[PDB]
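Architecture and fold: a report
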Amino acid sequence: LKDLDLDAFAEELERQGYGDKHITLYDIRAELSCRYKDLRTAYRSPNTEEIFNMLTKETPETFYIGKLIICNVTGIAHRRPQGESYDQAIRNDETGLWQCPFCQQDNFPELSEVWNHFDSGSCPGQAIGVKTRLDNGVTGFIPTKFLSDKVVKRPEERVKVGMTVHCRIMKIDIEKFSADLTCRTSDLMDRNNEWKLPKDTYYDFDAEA
Amino acid sequence: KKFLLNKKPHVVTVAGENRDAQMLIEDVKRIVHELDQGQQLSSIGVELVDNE
Amino acid sequence: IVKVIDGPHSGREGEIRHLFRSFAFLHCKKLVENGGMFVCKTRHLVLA
Amino acid sequence: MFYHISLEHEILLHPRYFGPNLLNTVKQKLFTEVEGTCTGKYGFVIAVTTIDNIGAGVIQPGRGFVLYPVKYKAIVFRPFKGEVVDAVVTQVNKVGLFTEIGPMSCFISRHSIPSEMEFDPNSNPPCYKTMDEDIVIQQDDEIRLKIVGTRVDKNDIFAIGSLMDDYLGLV
Amino acid sequence: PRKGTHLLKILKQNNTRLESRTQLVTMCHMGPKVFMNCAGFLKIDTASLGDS
Amino acid sequence: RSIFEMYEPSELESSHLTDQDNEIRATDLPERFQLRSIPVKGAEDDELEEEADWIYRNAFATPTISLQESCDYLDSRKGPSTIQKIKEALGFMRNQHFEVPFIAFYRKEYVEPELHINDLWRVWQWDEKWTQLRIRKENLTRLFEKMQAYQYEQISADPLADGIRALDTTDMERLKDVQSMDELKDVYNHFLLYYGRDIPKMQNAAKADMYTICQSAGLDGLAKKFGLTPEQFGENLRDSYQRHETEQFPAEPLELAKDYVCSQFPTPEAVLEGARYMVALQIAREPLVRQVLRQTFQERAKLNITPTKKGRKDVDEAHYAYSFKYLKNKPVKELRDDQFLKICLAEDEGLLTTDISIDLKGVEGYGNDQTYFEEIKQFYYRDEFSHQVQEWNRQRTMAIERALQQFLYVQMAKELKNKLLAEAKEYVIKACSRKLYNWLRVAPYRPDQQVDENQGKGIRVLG
Amino acid sequence: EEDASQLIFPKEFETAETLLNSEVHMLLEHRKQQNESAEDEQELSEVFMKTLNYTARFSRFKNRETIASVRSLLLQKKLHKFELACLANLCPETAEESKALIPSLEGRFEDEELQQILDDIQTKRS
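Residues numbered from 1 in each chain as written, not as in the entry; some residues may be left out. Chains lettered and ligands numbered in written order. Part of a larger assembly, values for the part shown. Heavy atoms only, no water. Residues with missing side-chain atoms left out of burial classes, pairs and counts.

1. Some points on the overall build of chain C
Counted only if it meets this: Strands here mean DSSP runs of E at least two residues long; helices mean DSSP runs of H or I at least four residues long; both are numbered from the N terminus. Summary of the burial criterion: residues with accessible area below 20% of their type's maximum are buried, those above 50% are exposed, and those between are partly exposed, where the area comes from a 1.4 Å probe applied to protein chains only. Pairs of residues are marked as contacts when any of their non-hydrogen atoms sit within 4.5 Å. The method behind every accessible area is Shrake-Rupley, applied with a 1.4 Å probe, and residues are considered shielded solely by the protein chains displayed. Positive: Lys, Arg. Negative: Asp, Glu. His and the chain ends are not part of the count. Think of each charge as sitting on NZ of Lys, CZ of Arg, CG of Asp or CD of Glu.
Counting its regular elements, chain C contains zero helices and five strands. For chain C, the α and β elements follow one another from N to C terminus as β-β-β-β-β. Projecting the C-alpha coordinates of chain C onto the three principal axes gives extents of approximately 25 × 20 × 15 Å. Buried residues in chain C amount to 38% of all 48 residues. Counted over contacts in chain C with a minimum sequence separation of 6, partners at least 24 positions apart contribute 29%. Counting every atom, chain C has about 3,100 Å² of accessible surface; 62% of that belongs to carbon and sulfur. For chain C, the distance from the average position of its 8 positive side-chain charges to the average position of its 4 negative side-chain charges is 5 Å.

2. Digging into the overall build of chain G
When its secondary structure is counted, chain G shows seven helices and zero strands. Going from N to C terminus, chain G has its helices and strands arranged as α-α-α-α-α-α-α. Projected onto the principal axes, the alpha-carbon positions of chain G cover approximately 55 × 35 × 20 Å.

3. Quick look at the interface of chain F and chain D
Rule in force here: Ten residues, namely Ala, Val, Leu, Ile, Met, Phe, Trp, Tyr, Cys and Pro, are considered nonpolar, four, namely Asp, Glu, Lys and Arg, are considered charged, and the remaining ones, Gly among them, are considered polar.
Counting from both sides, the interface comprises 32 residues of chain F and, opposite them, 27 residues of chain D. Those elements that provide at least two residues to the side of chain F that touches chain D are α8 (117-156), α10 (181-194), α11 (199-207), α12 (210-216) and α21 (387-440) of chain F. Of the residues contributing to the side of chain F that touches chain D, the split by class is 13 nonpolar, eight polar and 11 charged.

4. Description of the sheet that holds strand β5 (residues 139-143) of chain A
All names here are of chain A. Rules: For two strands to count as paired, DSSP must find a minimum of two bridges between them. In this analysis an axis means a line fitted to C-alpha atoms, helices contributing only their contacting stretch, and an angle means the value between N-to-C directions, from 0 to 180 degrees.
Strands sit in the order β1-β4-β5-β7-β6 around a closed barrel of five strands; the barrel is mixed. Along the sheet, successive strands turn relative to each other by an average axial angle of 50 degrees, direction set aside. When β5 meets strand β7 (residues 178-182), the two strands line up parallel, connected through three bridges. Within β7, the position partnered with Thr139 by the bridge is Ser178.

5. Thoughts on the environment of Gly11 of chain C
Its location among the elements puts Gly11 of chain C in the loop between β1 (2-4) and β2 (12-19). The exposure class of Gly11 of chain C is exposed, given its relative accessible area of 63%.

6. Quick notes on the interface of chain A and chain B
The condition that has to hold: The quantity reported as buried area is the accessible area (1.4 Å probe) lost by two parts once they are put together, taken as the sum for both. In what follows, salt bridge is the name for a side-chain nitrogen of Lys or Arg lying within 4 Å of a carboxyl oxygen of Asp or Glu. Counting of polar contacts relies on pairs of N or O atoms within 3.5 Å, with two restrictions inside protein: one atom must be capable of donating a hydrogen and the other of accepting it, and residues adjacent in sequence are counted only when both atoms are side-chain atoms.
Chain A puts 11 residues into the contact, and the matching count from chain B is 11 residues. In this assembly, chain A packs against chain B so that about 870 Å² is buried in total across both faces, 61% of it on carbon and sulfur atoms. The largest per-residue losses of area from chain A upon contact with chain B belong to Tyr43, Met54 and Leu55 of chain A, which jointly make up 55% of the total buried on that side. The interface formed by chain A and chain B contains zero salt bridges. Across the chain A-chain B interface, the total number found is zero residue pairs in polar contact. Taken together, the residues that form the side of chain A that touches chain B break down as seven nonpolar, three polar and one charged.

7. Side note on helix α5 (residues 82-90) of chain G
Summarising burial for α5 of chain G: nine of the nine residues are buried, a large majority. Lining the buried residues of α5 of chain G we find β1 (2-13), β6 (84-88) and β12 (142-146) of chain D together with α2 (21-36), α4 (64-75) and α6 (95-101) of chain G. Following α5 of chain G by one or two positions, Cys91 of chain G has its phi on the positive side, about 60 degrees.

8. Overview of empty space enclosed by the protein
All names here are of chain D. Let me state the cut-off plainly: Here a cavity is any set of points on a 1 Å grid over the protein atoms alone where a 1.4 Å probe fits but cannot get out, and a pocket is any open set with protein on both sides within 12 Å along at least 5 of 7 lines; a residue lines the site when it has an atom within 4 Å of a point. Grid points are joined across faces, edges and corners, and a volume is the space filled by probe spheres set on the points.
Here the largest cavity defines a volume of roughly 110 Å³. Lining the largest cavity, in full, are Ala87, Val89, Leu97, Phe98, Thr99, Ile108, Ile137, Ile143, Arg144, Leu145, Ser162 and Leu163. When contributions to the lining of the largest cavity are tallied by element, the ones reaching two or more residues are β8 (96-98) and β12. A per-class count over the lining of the largest cavity returns nine nonpolar, two polar and one charged.

9. What to know about a negative patch on the surface
Residue and element names in this part refer to chain A. Formally: By definition, no residue in a patch forms a salt bridge, and every one has over 30% relative accessible area; like charges are joined within 9 Å, nonpolar side chains (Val, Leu, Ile, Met, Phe, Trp, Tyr) within 5 Å.
The grouping of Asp5, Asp7, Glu11 and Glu14 at the surface amounts to a negative patch. Within the element layout of this structure, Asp7 appears in helix α1 (residues 6-16). The exposure class of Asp7 is partly exposed, given its relative accessible area of 35%.

10. Section: the side chain of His97 of chain F
Structurally, the position occupied by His97 of chain F is in the loop between α6 (81-94) and α7 (100-105). Looking at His97 of chain F, its side chain comes within polar contact range of the main-chain oxygen of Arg94 of chain F, at 3.4 Å.

11. A short note on the arrangement of the chains
In this assembly, 11 pairs of chains are in contact, and the pair contributing the most contacts is chains D and F. Nothing in chain B touches chain C; the tightest C-alpha to C-alpha distance between them is still 20 Å. At the C-alpha level, the nearest point of chain A lies 26 Å from chain G, with no contact between them.

12. Brief notes about unusual backbone geometry
Following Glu112 of chain F, the chain continues into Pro113 of chain F via a peptide bond in cis, with omega recorded as 0 degrees. Even without a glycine there, the phi angle at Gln39 of chain B is positive, about 65 degrees. By the element assignment, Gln39 of chain B lies in the loop between α2 (20-37) and β2 (46-49). Here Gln39 of chain B falls in the exposed class, since its relative accessible area comes to 59%. At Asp337 of chain F, a residue that is not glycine, the phi angle is positive and equals roughly 60 degrees. With respect to the helices, strands and loops of the structure, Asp337 of chain F is situated in the loop between β2 (327-331) and α19 (339-348). Judged by relative accessible area, which is 21%, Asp337 of chain F ranks as partly exposed.

13. Details of the pairing of strand β4 (residues 126-133) of chain A
All names here are of chain A. Here seven bridges tie strand β1 (residues 68-79) to β4, and the two strands are oriented antiparallel to one another. In the strand pairing of β4, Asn72 is matched with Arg133. Relative to β5, β4 is paired through five bridges, and the arrangement is antiparallel. Each residue of the ladder has a partner; that of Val130, found in β5, is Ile142.

14. Some remarks on the nonpolar core
The condition is simple: Nonpolar core, defined: a set of buried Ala, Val, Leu, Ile, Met, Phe, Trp, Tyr and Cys residues in which side-chain atoms within 4.5 Å join the residues together.
Counting 116 residues, the largest nonpolar core has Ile55, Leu293 and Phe297 of chain F as the members making the most contacts within it. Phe61, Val70, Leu105 and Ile121 of chain G belong to the second largest nonpolar core, which has 42 residues in total.

15. Description of helix α3 (residues 48-56) of chain A
All names here are of chain A. Turning to α3, its buried residues number three or more, namely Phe52, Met54, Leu55 and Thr56. Capping of α3 at its N-terminal end is provided by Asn47; its side-chain oxygen lies 3.1 Å from the backbone amide nitrogen of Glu49. Count one or two residues on from α3 and you reach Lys57, which has phi positive near 65 degrees.

16. Let's talk about the packing of aromatic side chains
Here is the rule: Geometry of aromatic contacts follows a simple scheme: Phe, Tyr and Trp rings, the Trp one being its six-membered ring, pair when their centres are within 6.5 Å, and the pair is stacked under 30 degrees between planes, edge-to-face over 60, tilted otherwise.
Applying the stated criterion across every chain, the model contains 32 aromatic pairs over all chains. Measuring from ring centre to ring centre gives 5.8 Å for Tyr203 of chain A and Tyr326 of chain F, while their planes differ by 80 degrees; the resulting arrangement is edge-to-face. Separated into two different chains, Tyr203 of chain A in the loop between α5 (185-189) and α6 (205-208) and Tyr326 of chain F in the loop between α18 (309-314) and β2 make up a pair that spans both. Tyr326 of chain F matches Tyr203 of chain A in its accessibility class, with the two residues each being buried.

17. Points about the packing of helix α5 (residues 45-61) of chain F against α8 of chain F
All names here are of chain F. Put simply, the test is: Two helices crossing with the near one rotated counterclockwise from the far one by less than a right angle form a left-handed crossing, whereas a clockwise rotation gives a right-handed crossing.
In contact at an axis separation of 10 Å, α5 and α8 are set at 115 degrees when each is read in the N-to-C sense. Both α5 and α8 take part in a crossing whose hand is right-handed. From α5, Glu47, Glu50, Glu51, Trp54, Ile55, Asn58, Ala59 and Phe60 reach across to α8, where they touch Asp119, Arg122, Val123, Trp126, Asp127, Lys129, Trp130, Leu133 and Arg134.

18. So, the sheet that holds strand β1 (residues 11-15) of chain B
Taken in spatial order, the three strands make up an open sheet running β2(B)-β1(B)-β4(F), and their pairing is parallel. Every interior strand has two partners, whereas the edge strands, β2 of chain B together with β4 (461-462) of chain F, have only one. With two bridges joining them, β1 of chain B and β4 of chain F adopt parallel strand pairing. Looking at the pairing, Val11 of chain B lines up with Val461 of chain F of β4 of chain F. Helix-sheet contacts for α2 of chain B involve β1 and β2 of chain B, and the interaxial angle to β2 of chain B is about 160 degrees.

19. Brief notes about the packing of α2 of chain G against helix α3 (residues 46-55) of chain G
Residues and elements named next belong to chain G. Selection rule: Oblique is the label for every angle not falling under 35 degrees (roughly parallel), over 145 degrees (roughly antiparallel), or within 65 to 115 degrees (roughly perpendicular).
Relative to each other, α2 and α3 sit at 135 degrees, their axes nearing to 9 Å. One finds that α2 runs oblique with respect to α3. Here α2 and α3 pass one another in a crossing that is left-handed. Between α2 and α3, the residues in contact are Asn21, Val24, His25, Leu28, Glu29 and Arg31 and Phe48, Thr51, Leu52 and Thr55, respectively. Looking at the contact of α2 with α3 residue by residue, the class counts come to four nonpolar, four polar and two charged.

Below is the structure:
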C-alpha cells in the first residue's frame, strides 16, 4: 500500500462528486496497516516527581520551601571519630580531667582511659543534626546550626526523641524523600520576610501597616 | 514467592498509599531477582500505581 | 465553650468537638450553615 | 408577619451570679437566649422588646441552680399561608427567582411564573423577562409575593410563592 | 447509555454475537443516522469471532 | 396491572422504561442530541452564515478579560477560514445530525486544521447558545409588534401624555441588532423604563416603584423639559462629541417646579429630587449608555480588596488568600487563572470585601487623575455664565452623579465580576478536563516485547 | 387549615398585636440607637442587620405622628386586625385593586368606600 498513489484517487473522487477525501483515503490506508492501532500513549513508569506527589499526597503548592510544618523528633546523627586521631584529647580544666572532643565527656581519669573509650567503640561521635518525621512520611534533618537562634552544642541541650517541634523548610530532595529544615525562632518569625510566599504585585503594604 | 512461581503473572502492581509502597516494591523486586537468578521466571516487572 | 472574636468566624460562639495540630471543629446549635458547625485554627481562639 | 406578644421562659442561674447585679444578669441571660431563635409554636423571634416582671426565684433542692420564670413582651415573625408580604429580589436563576422575606427567603419557579417569563443566562446578571419585557424583577428590587406554603427547617423558616398577577408586586 | 443498554439487551435476547455491523441495521433495527454515527466505532474482532 | 404501578419510580428510571425512554430509543438522531435542553432543528444557509460568524466572534475570537493562558494539550489564534470551517461543522451537526466525534474522525477534511474535537464541542455548545438567543429575539419581535398594536389601540381611544412615548424602528432595529444576552437585557431594561406598567393592563385586556411614583405625580413632564433625552445623551457619551446641543427651557428649574408639587413632593425641592431620580434612572437604563459604559468597564476596571476583622485574623501565612488579602487598584486584565475565583470564595466566606471601580482609589499623586464622572460631565454641560444655566448645570450634574453611583457603577461592576468569575470557573473546568485526559490516554501495559495467546487473551496482572 | 385569606388563625395568635413596616423599622432603629451606646455590650447580630435593611426599604411614613393618624383613621372601621397591617403596608391604588388583593374585601365594603380610604392612605404617605 505504500507504493500506491492516493492523491490521484482523491482527485478522481473529487471529480466524481465526493468532495475532498485526501485525509479519508490516507486514514483508510493507515488502517489497512495494523487495523485499529491503539493511538494511546505507551505505558510509562511514574517519574520521581510523580512518585513523590503520589505516595506523599504533596504538591508544589502544598509542600514548598519556606513553609511552616509541625514535625516530631525521632533520631540524631553523629560524626564518629577517626582511626588514629586519639591524641586530640584535651585535659579539661573545668573538671580537672581528660576529655574526648568527639563525645565531649569530661570524666576520663587519664589519657589511657580516653584511649580505652575510643577502642571500646562507646564514642557515638560529634552530633551533626536531628532527624524528624512529617505527617506525610517525609524525613526531616535539622542541622545543629539551624536548631535555634542561640548556639547549641549537642541535641542533648534541646528537645529529644518524641517531642513535637515547629520547623521551617529550607530545602527539599525528592529522590530521597527528605527535607533540610530549620526551627530557629528568627526564621519562624521571618523578620525580613525571606521565606514567605511572594504576594501580588498590587499588594497594599500601606493598608496592612 | 510460592504464589508468584505458581501463577506467574506478567506484572505486579502496588497501591501507593504511603511510603511503605517503597518497601513493598523493593521486596517484590528482590523476590523477582531471586527467582530470575536460577531462571525460574523471566523478569515479571513491578510498578507503582495510584490507588485513588 | 470558646469564643472566636476574630478569625474565619468573627463574633462566633460554639463548643469544641475535635482538635488537630492546627485546626479545631467547633459545633453549635444556633448556626444554620453546614448544619450548625464550622472549623477554625486552634491558635486563633480564646478561653472564654 | 411581625407581631408583639408576651411570652414566658424559665432560666436557671448558677449560684456564682448572685450579687447586686442578679436582676441584670437575668435580663442579660434572657436577651442572649430569646433573640433570633425559633420554635414550632410561636415561630421565629426577632428580638425582645421588654420584660413584664421577674418571677420569684425558686432555689432547687440539692442544686444551687435557682430558676426564674420571666415573662417578656417580644416581637415574633411567624408567616402563615395565604399572606402577601414584600421582599427584595436577591438573585435570578434559571431554576427560579430568589428574594428575601425579611428573616425568610422565598423562591419562585418557572411553572408558577407565567409562560412569558423566559430566561437570560448568557448575560452577566440573569433576569426573568415577561417575554415582551415591560417589567424587571432583577436584584435589589421591591417585589411582593403570596405565601402559598410555609415550612420551618429546624428553627429555619422558608416559604414558597407563585407569580402570575399584576397589582401587588411591581407595577 | 440508554441506546447502549438497549443494543446490549437486544444482543443478549438474540443470544448471538455481533457478527457484522450490518446486523445493527437488520436485526437491531437501528436508525440510519444512528448507524452512520456509531458504525465506525464498534469493533467486531473477526479474529476471535471464529464461526458465524 | 402494569409494572409501573408496582415497581418504584427510582428503579423504573434506573431500568429506563418510561415513555420518554421509549421515545428516545425509538426516535432516530443521536441520544445526546435528543437529551439536549433545547431541540436541534434544521438551519438554512442564511441562518448558518450569521451563526458561524457569531460563534467565531464570541467563542474563538473574543479574548478573555482575565489573563487566561491558552492551554490545549490535545493540540494559536484562528483566522477567517475558521468561519467557513465552523459553518461546515455546524451544518453537519444540525442539517445532517452528526455528532462531534463523527465530524472529528470521519469528516476531518472539512474541519481541520482549524477545528479539533474540543473545538467542535465548543461550537456545539455555542450552537445551543445561539439557538436560545435567536428564539428569544423572535419571541420579543412578535410580542413587541403586539405591544405596538396595543399602544396604537390605547391612542386611538382618544394631546397624549409625554409618558406614553411612541417607538418604532428606533427600538425594533436595536432589538433585531442585539448580538448577546447583554444587549438583550439592556433592551429589556430600556423597555421597562418607558413602559413599566403596560403588561398588566395589556394582558388583562388581552385575556378579557419610585419611578411609578414619579410617573403618577406628573414628574414626567419636568423630566422631559430637563434637557437632552437619554438617546442623545448616550450618543454623546459614545462619540465623546457634543453632537446634540444641550437644550434649555426659558426658566430656572426651581421656578419651573412648584407647579408639579403634589403632596408626596410638597416643595419644589422635593419635585426637583423626584425629577433628578427619574432622569438618572433614564440615563442608566439606556441601551447605548449601558453598552458604552460596559465597554469602558471591561477596558478600565481597577480592582481593590479590603479584609474585615474576619480576614485580617484568619488569612495568616498558610491561608490560601495570603497572596491577595490586600489589593490597591489591580487591573482586571492581570487576573491570572482562578485567582478571581479564590477571591470570590474568600468574600463569600466573609474574609474579604471586593470593590471594582472604573476609577482609581487612594492615589496620593492625584495630579492629572480625571475620573470618569468628570469626563462625562462635559457631555451634558452648557457653556454659559447665566445663573439659570448654572442652576441647570448643577441639576444635571446631580442627575449624572446619581445615575452613575446608584445604578451603573453597581450593575456593570457586578456584570464584570460575574464575567471574571465565569472565566475562572472555565479555567478550573479546563484544568480538570486536561487532567482526566492525561489519566485516560494511558495505554494498556505490555511485557518486555523485546524478548501470543497471552496478548490475545489479555495479560494477567497481580495487584 | 391556617389560611389568612379566610380569616382564621390559632387561638394564641388571634390575640396578637399587629405591626406595620414603619413601626417595626422605628422599633429596631430605637433598639439599635439604645444598644450602640453604653460600651461593653454584645453588638447586634445578622438577624437585626437584615431585619433593619429589610424594613428600612419599606418605610412608607417615617413620622410616628403619621403612623398614629393612619392607624387611628383605619381602626375606626369594622375590619379585623389582620386587615389593618396588610393594607397599611401595601397601599394599593384603587378599590378594585385592593379587592383583588385581599379576597376578604370582595363584597365586604363598597367600591367608593374603599377608594376613598386608598386615596387617603396614598395622600398621608410621605
